[PDB]
Structures are given as structure tokens and as C-alpha cells.
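Residue numbers (PDB author numbering), protein chains in the order written: chain A, 2266 to 2362, 2374 to 2460; chain B, 2608 to 2704; chain C, 316 to 478, 482 to 991; chain D, 1090 to 1630, 1638 to 1675, 1680 to 1707, 1816 to 1993, 1996 to 2112, 2117 to 2119. All C-beta atoms in this analysis are idealised placements derived from N, C-alpha and C, irrespective of residue type, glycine included. What follows is a short report on a single structure.
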Amino acid sequence: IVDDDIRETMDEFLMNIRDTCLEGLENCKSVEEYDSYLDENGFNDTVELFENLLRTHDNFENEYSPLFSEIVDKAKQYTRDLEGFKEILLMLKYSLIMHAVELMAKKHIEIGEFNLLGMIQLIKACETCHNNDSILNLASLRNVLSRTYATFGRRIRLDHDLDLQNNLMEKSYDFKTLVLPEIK
Amino acid sequence: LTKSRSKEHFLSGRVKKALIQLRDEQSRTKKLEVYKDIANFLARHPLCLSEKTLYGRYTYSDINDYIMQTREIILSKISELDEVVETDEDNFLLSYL
Amino acid sequence: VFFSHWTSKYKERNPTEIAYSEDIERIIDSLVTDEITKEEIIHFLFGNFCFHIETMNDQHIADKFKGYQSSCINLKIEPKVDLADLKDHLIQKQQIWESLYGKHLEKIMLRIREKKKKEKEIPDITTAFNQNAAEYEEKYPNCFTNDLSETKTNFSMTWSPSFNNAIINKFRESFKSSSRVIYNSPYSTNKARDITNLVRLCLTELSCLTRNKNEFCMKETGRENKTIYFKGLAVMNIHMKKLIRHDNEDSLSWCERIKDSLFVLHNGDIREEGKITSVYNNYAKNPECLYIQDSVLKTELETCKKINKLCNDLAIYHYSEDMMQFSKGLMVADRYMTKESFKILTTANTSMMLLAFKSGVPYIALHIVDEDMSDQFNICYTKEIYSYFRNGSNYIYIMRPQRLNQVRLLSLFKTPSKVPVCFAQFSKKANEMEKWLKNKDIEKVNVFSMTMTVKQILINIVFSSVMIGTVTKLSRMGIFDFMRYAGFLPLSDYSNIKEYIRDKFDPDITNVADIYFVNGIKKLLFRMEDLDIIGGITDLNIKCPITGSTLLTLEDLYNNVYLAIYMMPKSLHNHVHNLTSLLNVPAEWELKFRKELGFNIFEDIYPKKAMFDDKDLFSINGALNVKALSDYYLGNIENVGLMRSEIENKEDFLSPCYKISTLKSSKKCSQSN
Amino acid sequence: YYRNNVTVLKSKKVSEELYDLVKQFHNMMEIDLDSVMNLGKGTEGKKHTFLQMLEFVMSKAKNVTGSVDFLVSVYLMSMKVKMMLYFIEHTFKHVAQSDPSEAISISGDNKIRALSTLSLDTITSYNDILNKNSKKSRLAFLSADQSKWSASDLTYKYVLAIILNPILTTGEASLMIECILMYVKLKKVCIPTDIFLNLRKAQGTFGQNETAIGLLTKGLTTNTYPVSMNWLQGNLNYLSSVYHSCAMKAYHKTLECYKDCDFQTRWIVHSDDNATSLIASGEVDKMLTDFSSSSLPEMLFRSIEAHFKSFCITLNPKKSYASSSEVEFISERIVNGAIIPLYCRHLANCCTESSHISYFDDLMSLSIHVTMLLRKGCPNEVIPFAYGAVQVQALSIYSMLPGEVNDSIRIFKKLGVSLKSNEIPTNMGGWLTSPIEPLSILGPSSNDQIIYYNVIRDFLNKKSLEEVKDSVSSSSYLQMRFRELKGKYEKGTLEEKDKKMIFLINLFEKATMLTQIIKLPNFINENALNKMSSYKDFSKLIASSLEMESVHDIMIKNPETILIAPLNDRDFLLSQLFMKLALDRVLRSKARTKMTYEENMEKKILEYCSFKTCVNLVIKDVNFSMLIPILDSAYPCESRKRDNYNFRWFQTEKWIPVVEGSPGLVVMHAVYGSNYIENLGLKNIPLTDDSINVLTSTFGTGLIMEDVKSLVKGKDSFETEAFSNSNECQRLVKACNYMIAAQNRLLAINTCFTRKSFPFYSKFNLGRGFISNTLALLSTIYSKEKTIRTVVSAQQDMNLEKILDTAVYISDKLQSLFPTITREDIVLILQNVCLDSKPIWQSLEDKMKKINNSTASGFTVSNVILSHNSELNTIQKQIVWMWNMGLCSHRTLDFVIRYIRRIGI
């Protein structure tokens, strides 16, 4: 790898990993303060950084991505065997003292006459428009009506009236200020 | 979203059925009557689209072009059907607009 | 830093005057203007490197400094060894050298104002065509005219109407009769009689023995048989050089007459199985088996079914297989057979027959026609039918010969890939065809119950599919690259509206029914030159091949005209004519370069004549491009050491030459031995 | 013979030319073994670099010999001129790489559309920000092509350039200057001999004169003709483009010399191409009267034409066209910020050309074209006709159409093979019967992997591949299935499933991943091996027995030669030393030329290591393993799936289950351009390395004694390779490769010292058994609007801190926009709203069940802080939120709030 600051950064991270791991596996006669020091900088602080650097590198997706996969997959195996060896060390210490992806679909949720698919999208567009102080687009109001989406697909009808005036709205704390700085 | 009801919910299907019947209508006067009714309805209901309106990638000018094309087609059909010989139609639309 | 290596042994060499050529000093001579002499431009040229000192090691800048002093000493220039005087000299030199864009700016508006005159414009496209036709008229006489009856075959090169040894047995039991001759306009010294004599001779008595099961030679007949045989051979020569103009009348009316006649010729085949049909409906009669989620979509699979059945009604796969057998029979007919032999070609159909008629590249097609669809078949191929005759309830026709080429055989072999996919694409593009296929269902589609508008657009799509899929003539190439070079019109002023027609157009039109294309694109261009402000909608124009009103998006027209462009093979003439063109383009270019620069065919290159000063033909500004390169290398390469190490590491010159894959793979060297 | 030396050219092998020049540098005029085994011992041996080779050949050809090196045809170049052109282009290509607005250093295809679209959107953004409160504003673009870039350009402009580069030193700048000036004073083009004879005969008998191309010759007395300023096209696509961009910025800096107007002109330069713009503000009227034009594109065209004419660039008016909305780079003209798809080129190349070597590889190339046309926004009904079109061209061109000879289904039916129609492999003449999704996402390995997966699922008697994973990964289960297979085979009670499985294992036995099996050669190289001099050197230095045992003995002396790629000397030349056609074979196919035709096709059908390796390459594939489960449980529509229907399902279900299964994208409708993500070509190269060592070992043991099943205890190399080849050697080396980790350090001295057998053919391929990658598919532009589970849990592990800011956000905001909502409804919508194709609640639940189980157990403080340190550090902010819906236990909450939220030497 060549990219200057990030090159030095993820060189530094894994040389720290390798040196700390060889120093943890250097000598061990005493009790588990060695592994207690090894755990947080062998498992937490650096592994998820390499997992992050795999999925956020953009200009290396065609030149260094199979390299980075072979780095971070071995890092995953290193994390798992760290957990196993640490459990073995704990067991000595206190004695001496698949289908989860296939839970998708059935995604047509409707509340009353309004679809609960375009509400989230329209309201995140509403927050985006208020954040940059811009006017809402008409097209974001297109996906509100259920009748356009009622011609195809199974319908889930959940009977809740559109009530917007009671107590449970008061515990949100999301930008109570009304900002209309172009309006008389 | 505003919990308000719009007037005359049952016009689009009736207008579509009337235009489908006008495709097969051999009557000269009924076409003029239906087109005059359409012209009166479009005059009585104004359009409130603003100049800042943007729909997707279509600006207000594109929707105004569609409105102008529809009004041009309707007025061309009216002028083709109604034959009143040159009664100075260039001075009434300018005063009305 | 980074341990910079010296990747050469030329450390003591100098770019100035130690090299072989003596060209640098005449570059300096050509580059001195007013108020700039030899010494100052030499100093700037070989001391502007000092903008990059902070990002280099000390030995490299020492090498540059000693090269600088050696270059100054060797060129009889007083050197500057100090740094303060060098910096002062270079800052007044950047001051005088940055005072040069004004002169070039004045010179380029001077060149634009002299380019503004001496040019002329055309009012409209039609006047551009008339003026181009006028130029071609005084270029060469004996062309244009209004005579349409003198032209060649219009519907490309092949014929195949709707209706092994049993077929030719049927043919030989039908040819025992006499003959008539019917033409367009009265001819003289009628050669159709000789062709009728030729087919009479070659089929009556000499078809009983066959060499290699499809061809046969002739050696022993009487002298009159050889006489009429050689007479038919003497018929085999037709040459023409005319042109049908862009403003001709009633050839268009002829074109829709032949289009309607060919469509009513189409729906007459009675076959239901074949070669191409099996693979296409095994992919297409059950098209859900190529998918996974069938139940999500139900308005697209049966439309493909409907298109497949409609093509089965029009025998498009049957015609594609017929042209396939035609093409492969002519490919094998080009073989070691002599000049007194010829061959028969029989397709999978029951009444289509061919005669090879010598090796060459010619042939003759034969036809068998019933009595119900009779006179419009005389309408169809009337320019290339020689004769026809009656036997019982049969009409038998003799057709005009022409010539072949192997790339034309390739273009015919591609036909089962040519016609169905383009037919499907244009049928997708036509929205009224889409709503007609949407209204009808799969067991209620037929050809005899269409709307007349649907009828006419289906005539147009059948004609365009056949014509695109059977491209064989040079005029098709000409109209195709004219369509591609005139596809730049439909946006704002691009300064090529008519000048390409005025200068770079090549007027070459051979036979009729391409007038439909040229006035379709003329209508399209006159629709596009109608006033456009900012933007608009698409539907107000018309397709080129399939008319197709109420267009969806301009993407559709870009796609379908570029289908009509991109499916043309390159050289339909020879490999040695485009080969010789690729050699002669640099030959003529270098000859006129040599003529403009005053060199001859015997002298050396003579690198600078000091002519290289803002002339239009072959020159530079001299002092400008050197400054542009100087500040480009200033503004591009920053931190020279690290990217220097990147150059030495990625492209790895410190490794041997075979480590690079691009200099070891099969590129073929062409060494001289 | 006209007192000259006429000589035609001959195209040799590039590797052979490098071998010859590397020889003749080392005074190696005659082939001899002892002149190269004497030196070059390991990494301390003799070495040569590129530039000393370059200057050596340059000093060799500095001697006058008729300038035979400077004799080139079009689209062709000699060896030394390839070296100097390589030197210029490959020393300057990183300089071209350093320019952000230039596109000769493209990443193949995607960088073109990406950079053109970003140029367009930044230009339009600059127009939009200059539209506010300005006096006057006008903008236009330019897509320009030059007339004859190869022959109009003066090469001497380069001579003024090379001396200005600070990247070189004094001496290599002179090197490039001298090679350029040698390129211009000796250039000549050899006319082809056949057209020379044709034109000479035509002049002799008919013309007695010639056209312009004959006046260079002195009455056609010379074969070759010189061109001076024409560097041929395709040779310098890098340097010329960058200096053309130098002319572009010369235009820019020329236009800031104007006083009353401001200009900001950016550019994209490809070879033979432009895409630029110009922005003018202020008094436009006096500016356009100064340049004598009425429109800004007119002024831009005239200025650009005059500037290009000033520096030997001829612009062509018929092809360069400039408007206010179009840019045509090579194709896909983008209008008003929206790209036209332009699948006309893809569907045209679907039926206009092919590579024309074999049936299978032409089918592969056209299938790649199918993937391109499907990936570029295909229209509605043309997919099955495109399938049929590529199939009928694959059938009609080489391997004949069904119903006649050379059929695939007919041969299988006349043999009575139990296989059904829609599972015949594509090498066996099987048609492209794969569905849309596996061909679309993978390409070459779609249909074969699908049929292999289905038959392993059938014989293994499971229901899904997730069952297959933990069923196979447990050892000795495959052994008991294979032994019950042997019991069923000796008994004779086999069924049709066993017959299909034995046919597919013996099919893969005689195969690569997918080879051709039937491989008719060309004109055999035995009459053309004399063209290569390496074959001459291989055959220059009873007797056959001693000579082959001697040469195999000298491979055994240094086994590292044949197996590693050439690293130094004494391991390169020894390694290289010791290692219209459609019209032809439409006649050559239906023939008995190689003594068999379409009976060799059926005689291959007539007749556990392969089993476990094939089920392993089924299960060790990464993207196929996540490809199948999103197919078999997929919803039809909605949740940004079906908003329209006009060819709209043809983009969304093609990739939204696939691409959003990965992160980095939220869009629905966009033409995508993928990487080379599917790498099935990393399992095959260790197997081939084992194939060479098995071949070498088999030759060695078979030529030291006969009928070898075990050795007679010779040396340890023979003994350890007897351990290698006792069972299947590929299987044992890959199996022992999962727990040996040598990676010896490539010093060629400790490599032979450490272990002479296993790291030789296990660690000298720079590759072993590892795991591939899945990318984010690189969405190029928006159109007109057991090993699985660990890495996936790691995806949620690194995504945990993001979804702790996302799920809490959306839960709070849905509680904000519905105040009558209940906790069961929160559970329901959190069970249904998914991110990165992962439902939120079950993804949190699988992580938090183990930490609640670890907390509720009897472990002490140190056994709980070190178990889930990352988890507790992530849940510091929203532990109460996890306790709110009854998820987190009160013991875990108490633990979090108490321990987290606070003589001798």
C-alpha cells in the first residue's frame, strides 16, 4: 500500500497488534493480569478498525481489496481464537484461585390509510430539508397514499387512527423550534 | 396529511368514459357540448402551481408546457368543431388574461 | 530521503551538445523574439528547474547544478554559480516570460478575425442538397436525370417467396412449357430470352447425374448447346453509373406500392417447424424457465410469446433459415470447381431453387407462384424479373443475376441474429404496437384482423427488419454513415449543420427505396431544426425505420438509429482497398507536409528552418509552448521524491525487464531477419 | 537488388526476443550449459535492471547498420522501438496519473462515466452558483475530435518538453531526448510485398506512371517509404494526451490575459478526444463582437480551432460538435445531468462479432456481452431473444445447430444418459440455461455452480446449503457417505441419483474449473517449433533414456526452478527453456481429420478427492454462498422495490437484494459497473502448482525405477514425495495447508535448507487456501429515476456502533410520529425494517443473548469485563434503551451502571 497517512496509520495499527501479541505470548508464569492487559488492545481497539478500513476504502476497491480481505479475515479468525484461548485462561485462573440473514421479506407495513414505508423516507427528507433550510419536494409526498401501492402485493391492514395529539410525543426532544425565515 | 377532504372525488372516471364515448360518438353537437363543459370546468378550477415547484427532474416550466399543450389541444378541437366565422377572438383572450 | 538510487551510468553526461544532434541551438535561434536574446532564453530554459529544490536530495540538485554550469560553459554562455544572482535573474525572467500571453491573445483574435471572413453559409438543408448536387453536376456530367427505369435491383440481392429431390422433380415436371417476357419500360436487344434459353438448357436434359450430390460439370453436348451456353455467359455483365436525386417524385409512391405488395407476399407460408424455430421457442415458448421469480411479473412473458407467434406467422425464422442455407451453400460453392460446372442450392422450403452459373460470384433464383397472389408479385421484383410463364395453376419466374462477396455471405449468415432482435426492439419501441399487443391475447392474435394503421406500421417494420438484416450494397453504407454524421443536429448550434453537407458529402445513390430513408431523415431534421428553447418533449417527431409516432424518450431514437448504424461490417469491397487507403493517408499527408515545408524526397529531415513561428500549416509559437510545459511540470509534479520512488517501485526498473508482463506476452516483435 | 539491402519482416515471440537480448548482453553467443550454471547462486547471484538493458541495446544500435530497428508497419513496432516507447510512456504514465482531470489512466470502464458525470455536475454547480446576483452568464461545452492526430502533430514539440522535466537527471533526460531524435530521422514504413507486386505489375503493363505514393520511390525502386512527423496512432496515447491538456491550460492562461471578462476552463482529455467547458461573466456583447461571433459555442469553436491550428493540431469540423447539453466522450452522451444508457453498442456486439477460436470461449465472450447488456439498463422483451441470439450464434458458427450432426441433447439421448435437459453442463454443449441473477452477478461460473450445487444437495439428501456447511465441515461424514457409496456400488443396487453423481464426479475429474475437454488443436506447433530458437537450444546440447533421466536429474538438482516464477538469473532462461478462421472450420468441423468427430464427444460420456474438493469449492465460494439465500426467500414488491413497471423490475430485483446485502448504497434505480469481484481463479493456481510437482515427481520416480507404488528408501526428497503421492497429492497438500504456515522468505538458500518438499510446492505460489472478497459493486451512475456466519457476525460487530446510532434514532422518531404506538408494534416494525439486508431486532438479539447468559451466570467481575468489553463500551449510551423494551436483564443493567458508568531480581 502507498497512500501516505492512511498507509502509515494501518501500518502502525498492525505492527502494534503483532508486537503486543508477541509480547503477550512472550512469557507467562504469573496470573491473568497479562491476558487482562492483552484483551482490550488485541480484541477491541484494533480489530474493528481493520473491519472499518475494509468497508470504507474506496480507491482501493479495484487494486487492494483482495489484499484487505485476506488481512481482515485472518483478523476475524485471530479474534475468535483470542476469545477461545482467553476462556481457557479464565478456566485455569478461577480454578487455581446461518438463517439469521433469512428473516427478511413481509415488508409491507401499513398503518391506517398511510404506508409505513414512505413515512420514514418522507420524514428523513423532512429533517434533511429543515437541516439545510430548504423547501420540501412534492415527490416526497408521492409515496404517502396506499392506493398507488394497493394494485400489487399483499396488504397488511393495521387499524390505528392518525392521532397526533397526546402525551407520548412529548418525550422525543427533536428540534422543537419552528424555523420559517422566509415567511410573513 | 392535513386531514382535509377534496371536492368532487368522482370526476376522472366519468371524464374518461365520456372521452371514450366521444371516440365512438358520431354526433356533432354532443362533442361541442362536452368540450364546452370541459372548458367551463377548466376555467372554473384554477391551477396554483408555483414557479419554485420542482417535481423530481421536472421543473414548473415542464408542467406548464404540459398544461399549455392540453389547453392548445382542447382549444384546437373546439375551434375545429365550432365554426363561427372570424369574430375577433384575438381581443378577448388578452383582456381575460 | 527514501534512499534515492542512481538508475543510470550517465551521471557525467549533459543534455546540451554532448548528445548527437545539433538541434537545440536552432531551437534557441527560432525561440528568440524581440527583447529576448540567446543567453536569457538559455538561462530560463535550463535553469527553471529551481522551482523544485525543497523536495529533492542534495546529490540530485548537485547533479542538476553541475549540468547547469556545464551547459552554460559549453554553449559559450557566462554561467551563474551563485544563488542570489541566479534567483534575481530567474525572477526578472519569470517577469518577462509571464509578459507573453498578451501577444498570443492578440494573435489569436487576429487569427479568429481572419477566419471570420472567406466563409459562406447555406440557408436550409434542402438548399444544401441542391447546391451539393450542383457541385457534383459540374464535377462529372452524365448523371442525375429523372429516368427511374434504368436502375438495378432495389431489394438488395436475394429473393424468397412463401408457398430434397422431390422439389427439383416438381420443378422439372413444371418447366415443360414455353415462356413470356414482361418488363417495366421497352428495352432493346432483349437478353431475357438468352437467360430463359440458359435455364431451359441447363434444366431440361442435363439434370440426371450429379458430382458430390449437389453440383455438376458439363463437357459433352452439341455445338448449339455450347453456343447458347456461352451466350448466357456473355449476358453476365451489367454496369451503371447514374444517381437518383433527393427531390424525385413518385418513386416514394412506388416504394409504398412495393412495401404493401411484399407484405401481402409475406403471409403465405404453411410450415410450422424448422431449425431456428426450435431453439428460439425452446428459449421462448416457455420463457419463465429462464427466470426465478415468475409470479412477480405477468405482463412481459406472454408479450414475448406473442412476438414469437407473430414472427411464426410471418415466417421470419423460416426466412432466416432459408437465407442461412442460401449463405452456406454459396460459401461451399466457392471451391475448386472449374469454369464449366455449376451447382444447385435447395433450402428447407419446397419450391425455392437456385442455379450457381459458373464459379465467379453469381447465381440465379427461381420461384413457384400460385394464382391467388399473382400480380402484386409482378409488382414486387419488377426491376429484376426477366421473364415468367404459366403452367397449369403455376407461374414460374426468372430473376436478374448479380454478384457476391464473402463478407456479404457473412452478413447473410448473421440473419437469424439480425432480424429477430431488431424486430423485437422496434416492436418494443412502437407504442401503438404495444397497446395493440396489450389489448389482444395469445389465442386471439392473427394477421387478417389488424387495424390499417397497425397494418401499415407492420409493413414498415417488416421492411426495415429485412433491409437492415440484409445489407449488401454500398449505398446502405453511405446512408448509414450520413445518418451517424448527421445525428449531431438535434441540439444547439454545433457549427456542422450544413458544412458537412457542403464539403464532406459524397453523393452516391444506386437503386430505389432508399429515398424513403433519406426523406424520413429529412423530415426528422426539419422537425429538429424547428425552434428549441432550453428543452422540450419527445413525442412530436417520427422514427427513422418504423415511423412510430408519439415517441417515449429520445433514448429510443438514439438506440434504434444506432442499431441501424452499428450493424454494418467494415469493408464490403476488398481487404486491399482499405489496406492501401491506410498506407496512402500518411503518404499523401506527409507529401503535402513536405511540399509546404519546402523539403524534397532526397534530403534529410532538417529539423528547423525557422519557419516554426505561428504559421497556420505547420508551426508553433516557439516561446509559448515551452512556458506552458514549464508551468505544467510546476503545477503537476509536487513532492518529486515520493512520486519518483513510486515510479521506480510500481513500474520497477530495478527489477529485470521480464518482470513486466506487458513486454513478455504475445505481441509479436517483427524483427528484421 | 539496387545496391541496397531489401529485407522483409518476420514476427517472432516477444519472450524469445527478451531471452535473446538477455543472452547477448552476457557475451552468450553460443548455447552452453556451463556458462550459466557457473554464476547466479540464489538472491546473491547476478542481476540486471531495465535501464542498463535499454542503454546497452541503444549503444548496440547506435552503430550504423541501415536502421533496421526503425522499420515499422502500422499497428506494429519492433523490439527496440517498443523498448523506447515503453520507456517514455511508462516513465510518464505516473505523471499522467498525477493529473486529476485526465482520463488515460482510467480504471478500465467505470472511471470514464464517473469522471465525465462529475465534470458535468461540478460545471453545472458552478453555473448555478454564478447564477445568483450576477450581471450576465453563459456556459457551453465541447466534445472535440481531431482530424489526424497521428500525422499532423509535430514531434519536435516533445523535444522542447523532455528537457523541462524535474523527474529525471542530466543523462536520462538526454537518454529520452536522444531516443526521440533517433525516432524522427530514421523512420520508414515497409509496404506489404503482395500489394507492392500488384502495383508494380499494374505500373509496368498498364500505367507507366503512379499516384502520390509512388513518387516517394524513385520509380518504384525501393520497398520502403519514409514518414517523418507521423508517430503511428496507439503508440503514444499518454504523452500526447497530457501535452494536449497542456495546450488546454495554455488556452486557460491565455484567457486570463483578457481584461474585462473572467474565465474558468476545465478539461478532460482522452487520446483523440476532448471534453471541456468555458464560463464567461460580464459584458458578453463586446466580447463576442471582439471575437466576431454571435453565440458562445461559435466563439469557443473558432478559438479552439485557431489555437489547435497554432500548435500542429488539426481539428475536424465534421465530427467535433459543441452544444449546451451534450458531451460525447466515446459514447453515452449525457444530457442535462442524465446519462443515456445506450445499449445499442452492447446489443449490436451481441450479433456482429466474436473472438472466433472455439465454441466455448466464444460463448463465454458473448455471455460477458450478455451481462453487459443486462447490466446497462436492458429493455423489456429482448432478454430471451438475446439469450436465443447468443445461443444460435454459438450453435451456427462452430458447433452445429440441433436436429443434425454435432448435437448435445441428441448424443445424450442416444447414449441414454439419465440427466435431464436443463442441467447439461455448458462444456457438454449445454445451452445457456442459467437464470438472470446468477449470470448477472457472477458471469462465467453461474450455471455450472448451480447444477453442481443442486446435485450435491440431491445426493447429500439435505434441503439447503446451510445444512451442507456444518454437515460437511464435520470430519468423517464424507468418508461414511463415500463408503456407503462403495457398498452400494459393489452390491449393484445403484439408482439414478448415484449415476448422475458418478457422471458428474468423473466429468470434473477430467477437468479444470471448466475446461473444454474436446480440444482440437490448430496446425500443430511441431512444424512451427523450429521458428522458436528456444526449442533449438532445448535440442542442441538408449541415448534418449540417458538424456531424459539426465535432464530430469538436473531439474531434481534445483527443484525450485520450474515451480517459482523467475526471481533472478539462472532461474529465468532455464525456466523458459525447460517449460476468417470461422470460414475454415465450418468446413473443418464436419470431417474425420483428427480420426474422430462427434464420436469423441460420446466416448467421453461412455466412461473422493474430486468429491471433497468439488463440494469444498462449492462451499468455499463466498459470493455464491450469500447469493442463494436471498433468492430463495425473496419478496415480490414494495419497500422501494416496485414504484413503476416500465422495464422497472429489470433493475431493482437484479441488484437490490444483492448490492444492499452489502453496504454503501441506498438508491433503487442505477446502472452499475462492477469490479472483478468473483475470483474463482485463486483455487486453481495452487492445484496447477501441485500438478507440475506431481508431474516432475512422477517422471523422476518412474525414471529411477519401474512400477512404483512406494520408494526403496532413497533420499529424503524421494521419501517425502512418496508421502506426497501415496494418496491424492493435491488433496493432502491442501489439507495439511490448513494448519501449516511456513511462508519461507524467498532467499533461495534457506528455502532448500528448511524443508525440501512441502514448502516447495505449497508456499512457492504466493497463494494457498483462503477466502475471497465481496465488494460494494461500485454503483457508477444513477439512471433516469461455518465461515459465512463468523464474518457476518463480524459485520454486525463493526456495524454495532452505527446501528446503535441508527436503530435508536428510528425508534425515537417513529415514537415521535406515532404517539399511540405500543411496544408490540415497536417489536413488529423493528422486526420488519432492515438495514444491509439484516433485520435489526434479531441482529441485536443474537449478540445480546450471550451477554445476558454470561452475566446471569456465576462468573465474577474479571470474567465478565473481559468477555464483552467491546459490547459494553458500545452500549454505554443506550443501556436504558435496551432495558426499556424488556430486552436487557436487570442484573446486566446493574453490572453496567455499577462497573462501567462510573536475594534476587
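Out of curiosity, what's the CA-to-CA distance linking residue i and residue j?
i	j	result
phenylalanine 478 of chain C	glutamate 1493 of chain D	25 Å
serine 1443 of chain D	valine 1459 of chain D	13 Å
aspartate 2270 of chain A	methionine 2092 of chain D	38 Å
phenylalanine 459 of chain C	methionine 785 of chain C	24 Å
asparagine 515 of chain C	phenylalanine 741 of chain C	41 Å
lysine 661 of chain C	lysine 549 of chain C	19 Å
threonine 1904 of chain D	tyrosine 1880 of chain D	46 Å
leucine 2332 of chain A	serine 963 of chain C	22 Å
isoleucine 1120 of chain D	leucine 1110 of chain D	13 Å
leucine 2608 of chain B	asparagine 2413 of chain A	14 Å
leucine 1098 of chain D	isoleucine 923 of chain C	25 Å
In the DSSP assignment, the alpha helix (DSSP H) including residue i goes from what residue to what residue?
i	result
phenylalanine 971 of chain C	Counting along the chain, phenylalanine 971 of chain C falls outside any alpha helix (DSSP H), and DSSP gives it neither H nor E.
Under 7 Å Cβ to Cβ from residue i, same chain only, skipping five residues before and after it: list those, please.
i	result
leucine 755 of chain C	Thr621 and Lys624
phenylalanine 1627 of chain D	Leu1673
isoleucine 1979 of chain D	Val1830 and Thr1997
Between the options, which lies nearest to residue i when the distance is taken from Cα to Cα?
i	options	result
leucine 872 of chain C	D/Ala2017, D/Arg1685, D/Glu1415 and D/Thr1959	D/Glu1415
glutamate 1372 of chain D	D/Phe1352, D/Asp1649 and D/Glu1421	D/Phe1352
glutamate 450 of chain C	C/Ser471, C/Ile819, C/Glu908 and C/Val650	C/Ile819
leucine 648 of chain C	C/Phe489, C/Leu730, C/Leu524 and C/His636	C/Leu730
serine 1226 of chain D	D/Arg1666, D/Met1602 and D/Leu1367	D/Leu1367
Going by beta carbon distance, what residues of the same chain come within less than 8 Å of residue i, once the five residues before and after it are set aside?
i	result
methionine 768 of chain C	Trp754 and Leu776
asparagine 1981 of chain D	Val1830, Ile1885 and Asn1887
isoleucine 760 of chain C	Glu620, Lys623, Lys624 and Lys627
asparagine 329 of chain C	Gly382, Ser385, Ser386 and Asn389
What whole-angstrom Cβ distance do residue i and residue j have, given they're in contact under 8 Å?
i	j	result
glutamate 1106 of chain D	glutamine 989 of chain C	7 Å
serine 1529 of chain D	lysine 1290 of chain D	That pair is no contact at about 57 Å.
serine 1263 of chain D	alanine 377 of chain C	Actually they do not touch by this definition, with Cβ atoms about 17 Å apart.
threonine 1244 of chain D	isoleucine 1266 of chain D	The pair is not a contact, with the Cβ atoms about 12 Å apart (cut-off 8 Å).
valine 597 of chain C	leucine 1484 of chain D	7 Å
Who are the Cβ neighbours of residue i in its own chain at under 6 Å, not counting the five residues just before and after it?
i	result
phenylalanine 1926 of chain D	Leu1919
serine 1194 of chain D	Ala1185 and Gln1186
Should residue i be flagged as near chain F, meaning a C-beta pair shorter than 8 Å?
i	result
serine 2360 of chain A	This model lacks chain F altogether; the protein chains it does include are A, B, C and D.
Starting from residue i, trace the beta strand (DSSP E) both ways and give me its first and last residue.
i	result
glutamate 533 of chain C	533-535
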